[PDB]
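Novice: when you get a sec, could you give me coordinates for this:
(chains A, B, C, D and E, ligands or ions: 9)
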Amino acid sequence: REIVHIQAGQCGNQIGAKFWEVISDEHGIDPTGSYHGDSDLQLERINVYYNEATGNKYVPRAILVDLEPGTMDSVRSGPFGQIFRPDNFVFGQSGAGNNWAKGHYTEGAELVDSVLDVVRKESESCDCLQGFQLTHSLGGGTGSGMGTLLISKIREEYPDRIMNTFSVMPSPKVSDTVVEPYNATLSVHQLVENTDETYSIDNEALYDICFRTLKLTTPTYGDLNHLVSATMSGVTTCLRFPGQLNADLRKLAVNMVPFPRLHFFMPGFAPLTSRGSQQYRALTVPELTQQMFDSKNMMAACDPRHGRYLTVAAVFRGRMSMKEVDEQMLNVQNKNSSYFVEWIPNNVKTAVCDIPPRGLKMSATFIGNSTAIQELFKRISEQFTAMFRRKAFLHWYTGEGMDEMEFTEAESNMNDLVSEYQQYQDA
Amino acid sequence: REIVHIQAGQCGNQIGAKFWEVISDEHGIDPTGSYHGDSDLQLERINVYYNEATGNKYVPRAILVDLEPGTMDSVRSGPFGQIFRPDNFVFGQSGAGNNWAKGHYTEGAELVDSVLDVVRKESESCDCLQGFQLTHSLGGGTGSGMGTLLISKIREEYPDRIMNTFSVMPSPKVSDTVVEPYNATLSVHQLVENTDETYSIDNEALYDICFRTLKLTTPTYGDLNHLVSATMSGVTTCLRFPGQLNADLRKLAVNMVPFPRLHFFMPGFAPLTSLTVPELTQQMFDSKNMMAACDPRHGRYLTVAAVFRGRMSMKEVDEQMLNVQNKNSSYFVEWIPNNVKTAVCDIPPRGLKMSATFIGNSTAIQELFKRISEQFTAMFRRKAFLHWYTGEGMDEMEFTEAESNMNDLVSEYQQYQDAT
Amino acid sequence: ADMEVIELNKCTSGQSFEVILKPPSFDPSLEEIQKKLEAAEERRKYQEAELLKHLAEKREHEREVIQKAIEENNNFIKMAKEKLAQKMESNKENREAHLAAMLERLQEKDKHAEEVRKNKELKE
Amino acid sequence: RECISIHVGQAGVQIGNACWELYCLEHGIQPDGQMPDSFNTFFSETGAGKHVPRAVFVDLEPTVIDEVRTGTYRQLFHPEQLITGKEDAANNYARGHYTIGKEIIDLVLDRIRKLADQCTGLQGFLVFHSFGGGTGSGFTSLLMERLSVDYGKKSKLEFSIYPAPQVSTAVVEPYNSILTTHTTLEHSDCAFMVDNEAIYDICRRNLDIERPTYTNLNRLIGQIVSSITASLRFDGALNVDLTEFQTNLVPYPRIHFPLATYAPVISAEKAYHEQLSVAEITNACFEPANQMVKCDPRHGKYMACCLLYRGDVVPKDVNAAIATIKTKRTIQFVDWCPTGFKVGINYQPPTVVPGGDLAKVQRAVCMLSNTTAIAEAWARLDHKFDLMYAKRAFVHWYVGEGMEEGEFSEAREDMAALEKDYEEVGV
Amino acid sequence: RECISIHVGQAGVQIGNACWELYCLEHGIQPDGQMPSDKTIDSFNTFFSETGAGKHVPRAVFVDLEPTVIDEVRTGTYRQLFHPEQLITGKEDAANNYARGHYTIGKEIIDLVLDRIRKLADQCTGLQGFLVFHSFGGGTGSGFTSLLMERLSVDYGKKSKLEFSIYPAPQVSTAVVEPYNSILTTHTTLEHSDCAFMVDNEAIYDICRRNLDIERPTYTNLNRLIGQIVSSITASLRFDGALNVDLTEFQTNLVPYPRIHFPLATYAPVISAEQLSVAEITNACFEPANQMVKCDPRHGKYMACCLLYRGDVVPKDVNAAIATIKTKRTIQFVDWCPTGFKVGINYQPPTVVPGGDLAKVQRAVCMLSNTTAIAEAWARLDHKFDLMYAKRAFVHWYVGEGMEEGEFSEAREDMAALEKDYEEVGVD
Ligand SMILES: Nc1nc2c(ncn2[C@@H]2O[C@H](COP(=O)(O)OP(=O)(O)OP(=O)(O)O)[C@@H](O)[C@H]2O)c(=O)[nH]1
Ligand SMILES: Nc1nc2c(ncn2[C@@H]2O[C@H](COP(=O)(O)OP(=O)(O)OP(=O)(O)O)[C@@H](O)[C@H]2O)c(=O)[nH]1
Ligand SMILES: Nc1nc2c(ncn2[C@@H]2O[C@H](COP(=O)(O)OP(=O)(O)O)[C@@H](O)[C@H]2O)c(=O)[nH]1
Ligand SMILES: Nc1nc2c(ncn2[C@@H]2O[C@H](COP(=O)(O)OP(=O)(O)O)[C@@H](O)[C@H]2O)c(=O)[nH]1
Ligand SMILES: COc1ccc(NS(=O)(=O)c2c(F)c(F)c(F)c(F)c2F)cc1F
Ligand SMILES: COc1ccc(NS(=O)(=O)c2c(F)c(F)c(F)c(F)c2F)cc1F
Ligand SMILES: [Mg+2]
Ligand SMILES: [Mg+2]
Ligand SMILES: [Mg+2]
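Specialist: Residues are numbered from 1 along each chain as shown, chains lettered A, B, ... in the order given. Ligands and ions are numbered 1, 2, ... in the order given. The protein structure is shown below:
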């Protein structure tokens, strides 16, 4: 019924800044000012994402955390920088190190409080606080490390309210660091304990959607962030729109996660892409369903073939004959009837909203709790065990104050999460 | 030599209100005032049904009891409402429930006293109290339930004096409730112990006299009550008329009921609706024309009282009546001699130049109870709707007790198709 | 026949006389008892003070129905009252204890950064 | 010497009421009591103007005695001598004898005694009562036992109304009859049965009355009774006293019940037809159609015969008549007693109630015969009784007013006995 | 005498919102509260209180733990109808789970509601009972409703409670856990109700599609239909006329056993705007297609039948109709109880919402039947439940708000029991 946003670490922020500027456009908000747009609905739920301040003005409920100036002055000197409250920025000065220990223990918990001090202000000045959602990288340190710290420090303060993360799972192709495995695994363990849902955005997947289907040669952190921003908008829609009726995000949880551990969703989007490549809008509903459900079109690098669907949420977009949505959606659970678990009845719910995203006459987006996710972790825990092998780059953590066996512990834990997703291809 | 009247429960009162307006017309009484009519006899026995008060005025000896305002303001706002003493009405406020337990125990014995308080005030200011008669439904709660309670509380206060009831015995066709069996059976047991005569008015019968012989399509509680009101008038004539000589109502009892239990009379009427003497006898004696749903063929007559009406050659009555006990000689028990007495009265009822009415203690009645005890055992079967009583404070086996008792009354009506 | 009539007495307003016709032809209620009259009065006063103590019989149970009704009602209310308070402060004591059960792993993986940062006090 | 009448219970009362009427006409006493010894046997010359009957009237309902104190004659009796008792006997002996009787018996018995008190040689009692019916059977019985106690020698003559199916009140009539007649039996001396059916029959054939009233019947009975009491109100040989009444009629203490046969019963309007001969009326006496108790005496035998003539008669015709009643008939005399005929003439011509149904006659006869034939009615009654009691038919109403099942047994027992006695007198 | 409505939770609220609407049309009360007809200077008085000297206020209370839905009421005309008081809202959701609704978030608001209700009882000289509208699935509908009923049971002795539940359907549904919630409440909820009117959302949705032509029927589409059925049931005792005229009495006819509450309703002519014989509508009542809970009653047996007519009817035809319902169909009456048909006629012709989907009818019927057949929905539900709990599928969300694993065990235990009871009424 009203939610705060933490946005930490280089990737966390580059994503967030785009997310924000995308939604700010759905509702219609100036760089600073307020509403300008012939639609009316918009501000029904503007409440949820925008704590509004003096004059007109609509300031977003956003904390930005980072461990160096760097990518904060990026947002402030760029797209929609005039929007975020001037002191919802928590700086860093020091390094991130691109090192989880640094982020989670030393250079991070150094800061930590001044972030909590600010989350406690926005939250304490909520009417009925839904919970928190956080964006961040999983490999590389300030994003994952301090992030997982923050959530651990957020629970405890607010066990109460629910925990949501957009967590970009890192990959060999399009990565800056030999250590990503470590950083990812160490947080993956943290997440399984401390959040209630995590959106698994695979950086691997993202890139694949750009070469394998997009004729996009050399992909920026940009036309890639564009995917997540789009994905995020469509995932959040129900929290911030209709009157049909509401999405508690607590409701989202209770309905999507059968078992307390397995909150790992693969998102997926309907139509995709960019500039002088978008010319389609020949997107149809049939052609829209097949596409939002195609493995080639997940936001996590894993084909939901190996592994069935536990529960699925799917949410369309744009004034279209939803009479047809119902029966197309029903066709997906028939031409694929086997791949939706038999023991959770009516386990895919679909909703429509009739206000299109940026461009695009028609759209849709898909949230899936799938055991196909199993594959993702395996594939990080496979290049991880591969390093922890003869204890590779570890000394960077060893001597930041961290324990030899605290890795085996996070390795163990995650390898279990693989074991359980596997336990659930049952009878 | 002077009698009070209790009139309890929706049916009880809808009947009573009609009965009163019918007789009040025989004697000739205004809605309020007194006598207006060229006849004279009338007020000879007006004593018996009318305790008379200040001015001229003739207020009837009537207590009206009910467990909710409803059908009292019906009578007061209608036909002859200006007549009954303003505080001979005992209200209810609460529900009846259409539930015997409610009427006989909880919601009823709640009131009870304020009724007795009033009966004690009419009775204590009698010259020589004959006894009490009560009208009421047998299925449905306030009528039967509180009624049977009342009579039980009336014996005990006045064992002494005799107990009379017009009790309407409910039926599948023209009924409101699934529970009627229970409510009826529960009171039937009660009645067999506490009254001295009961007129068995079968609601089933009544309806039959409207479709089978009436061309009356969709019968109200109205043109049906009209039958009972007519039947009641003619049945009571002997108490409130001649000087030939009197009918003690005790006398009625001692002469009609050979055995203490078997006080169950089927009434019958002569002409009906909304005539010669021969044609009048055949008609008052036809099964098609009883007030109880039972053909007096299966079952003989114990004793019969029959009472004609209207200035007519009663020389012919004697010998027509004798003809009925011949062309049917077999169906009047051999072991009670001269067991049917007939009387004439020469002042006609509402309309009608000629009339007649018949009271019969007949073992054909056996059939009525069987037929209620048959839809009753059918329910008590896997203990049907019983929980409505169970948890009003009543006992599991108090039903078996009333079932047993009544099934005996069937057994005895049967014992009396005997020999000589 | 031809009679013989013996004349028994002549009078003022009358006169009798037999006529034997043909030869004939052959050769303490006490008191005490309205002792009876009051044994009827006695057999009445019994038989009737009976179908009366039979109605005090019918009475007492009247009370007991009205009374075992309401009596078995304070059964329902005064049992459904503490089928709640001891299933709803059984429940409140449940999650309240479970909230701490959570705040516990979290006080511990907390006094753990404390324990291995006082581990960073050794690096040469 | 003197002579007290008691009339107990409706029937009894109205009968009396209509003979006292006749006596008054016969002695020229106006209802005001005043006329302008002889007949002192029945009247007392109280005050110095009036005449008061030596009578007492009792009934447990006021209705009937009330009517006497309304209609002229109202002046005749003493306000005292008419006792009434508030509540009915309700058609049953048991109530009359024990329940409601008991109360009033003490008063009645005394008031009666107040009449005895002004009688210098009181002779006995004439009790008028019904056979069936509650107070007539019941109270009469109680009375007679008591009368028997308080009055030693004094004869008691009863006039009972034997009930008939047609003009009847009650179904239990037989029970009440057999009940009283049992108790009642060894307290009476001589008893005059009046079969209501016969009376009703004489009225129909002989008077022309299509359906004869109570007061229609009573007038006739008035006559028969006045014929019987006659002898002791004018004094004139043959039954000048109550002693003589049993002497002359009843030869066995048990066998009380003589059979009366009143002479010319002929309707006014016939009033001018040439009168009937001394022989005809005499003969009319031997006609069962002109009888007073429905039975047949040319069947049973005669054990004592009496002919009470009233009017214009020299005995020398009375003789000549008797002559040919024998010459032409069923003689019928029983074995061991003369061939009687004690003949009394009382010269006083019979007067008749002026607006009545019978015409003024020149000479009338009466004939009291104690014939075994009368036992026909004794059986006709018992068979009714027997066949109700055979099933306890109404017994429960008596045991109700606290009587004994065994009393019925015991009372029937006696009628079996009587019916035997009676037949056991033949041959 | 009097008669308080409670609408707990979204579904409950909107249903009520749409019969209170209908009641107002049926008695000529403008949203303004004021009505220019009859008196009040009773009849209409069972459900309304003549408060002030101009207005009419429903004897109602609305509760929901999210404001959203109750808020809408205090926006759109009717806003004027209720008292600002009587609509309670609760800041935070129930979040689609009983455990939350019954214990965690309920607990708080229950004390206020229970009292406000009491404030309505306070102005009722012979209050008769409560009509409770709620969903079967859904968090506050199952959860709070339960808590309420226990409490109501305590605070109000005799007083009957009638529940109108919305038994949930796969298609027009909110939550996955729906089954859990339903079996959970229905267990607690069970021995606190007296008689309960199930409305199978699927069937409603089916009636709207075949009989109304609505390609994909709205919530307010369905509600209009339910409004009608409810108004047909409450009818009887909103005017007073012929049959079914006090709360004990009405229901003493439907349940034979302290369990077996749930009668089956079958509304007569549902036909779309843009007449039928007394015999036709009578007959339409025995068509499972025109039914009100997805099941099959020429299968199970009948243990009590009720026919509630509304409009222009001499009973002469009503009889002649019943005749040929027996000459030409599956009679089906159970062993040990008459062959009923309590028939009630209320002359008041059926009014319909003016810009609605159903046309003004001359005469409509209702038929409430307590048939063992309705147990079909009791299983159709349990099998859903059984096969989730078979794996603790979502249990952990309840134990979260501090519930007991054993309560599921215990609550299912009862449906096994019930499903037995029900089938255990057939044949001798
Ligand atoms: N002959 C004659 N018989 C009568 C008369 N009145 C009644 N009876 C008969 O008497 C019998 C009934 O006796 P009742 O005198 O009526 O009874 P009761 O108990 O003595 O008088 P109640 O107090 O009125 O009951 C029946 O056989 C009647 O037919 C009458 O006036 N004349
Ligand atoms: N018939 C009908 N069913 C509804 C309506 N709204 C929701 N439902 C159904 O009710 C169930 C969900 O109950 P809800 O009222 O939504 O849940 P709730 O907890 O009671 O209300 P919330 O506080 O909004 O969560 C599902 O079976 C829905 O199909 C409605 O307006 N009409
Ligand atoms: N999609 C997305 N992923 C990013 C972005 N920047 C870095 N990443 C991924 O996240 C990981 C590094 O995260 P980073 O934010 O640089 O670490 P931090 O600033 O110290 O928290 C690498 O595996 C990258 O692939 C971004 O711009 N968008
Ligand atoms: N004839 C007659 N019977 C009635 C009348 N009203 C109800 N009944 C019958 O009596 C039974 C119900 O009695 P009722 O008076 O409604 O119960 P109560 O008011 O609670 O005592 C049903 O079987 C009806 O058939 C009436 O108007 N006249
Ligand atoms: C798995 O089926 C469900 C999945 C999620 C939810 N929860 S929700 O209220 O927050 C929700 C929707 F109901 C919905 F229809 C959506 F499209 C959606 F994105 C969503 F979160 C409810 C469900 F029945
Ligand atoms: C069985 O026949 C009788 C029925 C009743 C009575 N007693 S009664 O005084 O109550 C009575 C009549 F005698 C009578 F002729 C009636 F018509 C009557 F109604 C009546 F009650 C006497 C009877 F012989
Ligand atoms: Mg009623
Ligand atoms: Mg008598
Ligand atoms: Mg909810």
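Novice: which SS class is the residue of the stretch 201-350 of chain D found nearest ligand 4?
Specialist: Nearest to ligand 4 in the stretch 201-350 of chain D, going by CB to the nearest ligand atom, is residue D:211, at a distance of 38.5 Å. Where C-beta positions appear, they are placed from N, C-alpha and C, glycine not excepted. The local conformation at residue D:211, judged by DSSP: H, G, I helix; E, B strand; the rest coil, is coil.
Novice: backbone phi and psi for it, please?
Specialist: With angles defined as degrees, to the nearest 10, residue D:211 sits at phi -140, psi 100.
Novice: distance of it relative to residue B:344?
Specialist: 10 Å (CB to CB, to the nearest Å).
Novice: quick check: neighbours shared by these two?
Specialist: Listed as contacting both residue D:211 and residue B:344 by CB atoms under 8 Å, 6 or more residues apart in numbering or on different chains are residue B:314.
Novice: quick one on the thing from earlier: wait, what's in contact with the residue of the stretch 201-350 of chain D closest to ligand 4?
Specialist: The contact partners of residue D:211, taken as CB under 8 Å, 6+ apart, are B:314, B:315, B:318.
Novice: middle-most residue in chain A, spatially?
Specialist: By CA atoms, centre = their mean, chain A has its centre lying nearest to residue A:166, at 2.1 Å.
Novice: OK, contacts around it?
Specialist: Each residue near residue A:166 by CB under 8 Å, 6+ apart is listed here: A:15, A:133, A:134, A:135, A:136, A:198, A:199, A:201, A:228, A:232.
Novice: next: residue D:120.
Specialist: Contacts of residue D:120 (CB under 8 Å, 6+ apart): D:1, D:2.
Novice: can I take it that the residue nearest to the centre of chain A is in a helix?
Specialist: No. Counting by three-state DSSP, residue A:166 is not part of a helix but strand.
Novice: show me what it is bridged to.
Specialist: residue A:135, residue A:199 (DSSP bridges).
Novice: quick one: the helices in chain C?
Specialist: C:36-53, C:55-70, C:73-80, C:92-108 (DSSP state H).
Novice: if you could redo that for the stretch 101-250 of chain D, that was the one I meant.
Specialist: D:101-116, D:134-150, D:173-183, D:196-205, D:214-230, D:242-249 (DSSP state H, counting those that start in this stretch).
Novice: adding distance to chain A and mean neighbour count, write those out as a markdown table.
Specialist: Below are the helices of the stretch 101-250 of chain D laid out as a markdown table (distance: least, CB to the nearest CB, whole Å; neighbours: other CB atoms under 10 Å in any protein chain shown):
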| stretch | distance to chain A | mean neighbour count |
| --- | --- | --- |
| helix D:101-116 | 89 | 16 |
| helix D:134-150 | 87 | 26 |
| helix D:173-183 | 85 | 26 |
| helix D:196-205 | 96 | 20 |
| helix D:214-230 | 95 | 22 |
| helix D:242-249 | 114 | 19 |
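Novice: what about those helices, which gets the closest to chain B?
Specialist: helix D:173-183 (7.0 Å; CB to the nearest CB).
Novice: the closest one and ligand 8 in contact?
Specialist: No. Using CB under 5 Å from the ion, helix D:173-183 never reaches ligand 8; the gap is at least 8.5 Å.
Novice: contacts made by that helix with the rest, please.
Specialist: So helix D:173-183 is contacted by B:337, D:91-94, D:97, D:131-134, D:136-138, D:140-141, D:144-145, D:160, D:162-163, D:170, D:381-382, D:384-385, D:388-389, D:394-395, D:398, D:407-408, D:410-412, D:414-415 (CB under 8 Å, 6+ apart).
Novice: just the buried residues of these.
Specialist: B:337, D:91-94, D:97, D:131-134, D:136-138, D:140-141, D:144-145, D:160, D:162-163, D:170, D:381-382, D:384-385, D:388-389, D:394-395, D:398, D:407-408, D:411-412, D:414-415 (16 or more other CB atoms under 10 Å in any protein chain shown).
Novice: okay, and which of those map to strands?
Specialist: With strands taken from DSSP state E, the overlap with the buried ones among the contacts of helix D:173-183 comprises D:160, D:162.
Novice: which ones are touching residue D:104?
Specialist: With CB under 8 Å, 6+ apart, residue D:104 has these contacts: D:58, D:60, D:83, D:85, D:139.
Novice: got it, and residue A:23?
Specialist: Residue A:23 touches A:49, A:233, A:236, A:240, counting by CB under 8 Å, 6+ apart.
Novice: ditto for residue A:343
Specialist: Residue A:343 neighbours (CB under 8 Å, 6+ apart): A:426, E:387, E:388, E:390, E:391, E:393.
Novice: roughly how far apart are the third one and ligand 1?
Specialist: Spelled out, that is residue E:388. As judged by CB to the nearest ligand atom, to the nearest Å, residue E:388 and ligand 1 stand 87 Å apart.
Novice: for chain B, give me its nearest residue in the stretch 1-150 of chain D.
Specialist: For the stretch 1-150 of chain D, CB to the nearest CB, closest residue to chain B: residue D:90, 4.7 Å.
Novice: leaving out sequence neighbours, find the closest residue to whatever residue of the stretch 151-300 of chain A ends up closest to chain C.
Specialist: For the stretch 151-300 of chain A and chain C, the shortest gap (CB to the nearest CB) falls at residue A:156, measuring 4.7 Å. In this structure, residue A:156 finds its nearest non-sequential neighbour in residue C:106, 4.7 Å apart by CB to CB, 6 or more residues apart in numbering or on different chains.
Novice: right, and the one you found touches residue A:155 too?
Specialist: Yes. Contact status for residue C:106 versus residue A:155: in contact at 6.1 Å, counting by CB atoms under 8 Å.
Novice: the longest helix along chain A packs against which elements?
Specialist: Identified as the longest helix of chain A according to DSSP H is helix A:404-423. Secondary-structure packing of helix A:404-423 (3 or more CB pairs under 8 Å, 6 or more residues apart in numbering or on different chains; DSSP states H and E): helix A:180-194, helix A:374-388.
Novice: tilt between the last one and strand A:264-269?
Specialist: Orientation check (axes from the mean of the first three to the mean of the last three CA atoms, to 10 degrees): helix A:374-388 against strand A:264-269 gives 120 degrees.
Novice: same question, the first one
Specialist: Computed by the same axes, to 10 degrees, the angle separating helix A:180-194 from strand A:264-269 equals 110 degrees.
Novice: and helix A:180-194, C-alpha only, in CSV?
Specialist: Extracted in CSV, the C-alpha atoms of helix A:180-194 (Å, rounded to 0.1, in the frame of the first residue of the first chain):
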residue,chain,number,x,y,z
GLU,A,180,32.2,-12.6,-10.2
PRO,A,181,31.5,-16.2,-9.2
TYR,A,182,32.7,-15.5,-5.5
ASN,A,183,30.8,-12.2,-5.3
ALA,A,184,27.6,-13.8,-6.8
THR,A,185,27.7,-17.0,-4.7
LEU,A,186,28.3,-15.1,-1.5
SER,A,187,25.2,-13.0,-2.1
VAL,A,188,23.1,-15.8,-3.5
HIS,A,189,23.4,-17.4,-0.1
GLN,A,190,22.5,-14.2,1.6
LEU,A,191,19.4,-13.6,-0.6
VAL,A,192,17.9,-17.1,-0.1
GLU,A,193,17.7,-16.2,3.7
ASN,A,194,16.8,-12.5,3.7
